[PDB]
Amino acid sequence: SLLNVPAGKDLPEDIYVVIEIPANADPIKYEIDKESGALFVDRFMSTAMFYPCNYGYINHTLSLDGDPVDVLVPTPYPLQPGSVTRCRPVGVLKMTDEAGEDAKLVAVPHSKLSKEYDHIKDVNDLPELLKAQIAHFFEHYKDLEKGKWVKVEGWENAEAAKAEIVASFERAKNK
C-alpha cells in the first residue's frame, strides 16, 4: 500500500517521501520491506546519536547504490514512521560509504502543508547549525559498527538534488 505510493505529484519539484525514521527518535533504524511493505527493524544503533531530521525515501526510485533515494525532511514536529509527506528538494549531502555512493537529499515540507519553509529554496538557505549536524551524524553514526563506514563528501545544491531524483526515477522506470 506504501509500495503503491507515487514518487511525486510533479517530479522532481514536488515529491512524496515515505518516512521510515522520525526526527529525534530512539536510535532504532527501521526500513520498509519492499516485499510486504511493512516496517522492519534493521538495527539497533550502538551510538548515543539520533537522526536530526525525519528520514525516508522516494518510492519508485533506484539510486546508484541499489536503493531508492533517501531523504531527510525537517518538520516542526516528528512524523510517524510509515507516513508520507509532500516535499520539495533543496540540497544534497554527498558521501560515499561501503555501498559506494550514498547521497542523502534534503527536502522541505511542500508549501501546501506549511509556509514555514517557503524561504528555503536552496542549500545555503538551510540553517548552518542543521547542516553541520546532519553532516556530523552521517560522519559518526556507524562508528561502533564493525563493517560499516562513511566519508562525508560535502553538500550540493537543489539542481544536483533534482538531477538525482529524475535520474533515479528513470533508472527504476522503463521509459
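Just count from 1 along the sequence shown to find any residue number. C-alpha atoms forming the largest set that superposes within 1.5 Å between two forms make up the rigid core.
Engineer: Superpose by the rigid core and compare 64-72 with 47-55; which one moves more, by C-alpha RMS, in 4 other deposited structures of this protein?
Structural biologist: Result of the core-fitted comparison in 4 other deposited structures of this protein: 64-72 deviates more.
Engineer: Kindly name the stretch, out of 10-18 and 162-170, whose CA atoms are displaced more from this form in 4 other deposited structures of this protein after the core superposition?
Structural biologist: It is 162-170 whose C-alphas lie farther from the shown form in 4 other deposited structures of this protein.
Engineer: Quick one: higher average CA temperature factor, 132-140 or 25-33?
Structural biologist: Taking the mean C-alpha B-factor of 25-33 and of 132-140, the larger value falls to 25-33.
Engineer: Please compare 60-68 with 110-118 and say which has the higher mean C-alpha temperature factor in the record.
Structural biologist: In the deposited entry, the stretch with the higher C-alpha B-factor mean is 60-68.
Engineer: When the CA B-factors of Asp10, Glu153, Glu20, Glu159 are compared as recorded in the entry, which is the largest?
Structural biologist: Within the set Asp10, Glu153, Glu20, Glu159, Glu153 shows the top C-alpha B-factor.
Engineer: Just the C-alpha B-factor column, please: which of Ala99, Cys87, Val84, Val92 has the biggest number?
Structural biologist: The C-alpha B-factor peaks, among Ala99, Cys87, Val84, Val92, at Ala99.
Engineer: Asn54's Cα B-factor: lowest, middle or highest third of the chain?
Structural biologist: Lowest third.
Engineer: Going by the CA temperature factor in the PDB record, which third of the chain does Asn124 belong to: lowest, middle or highest?
Structural biologist: CA B-factor rank for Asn124: highest third.
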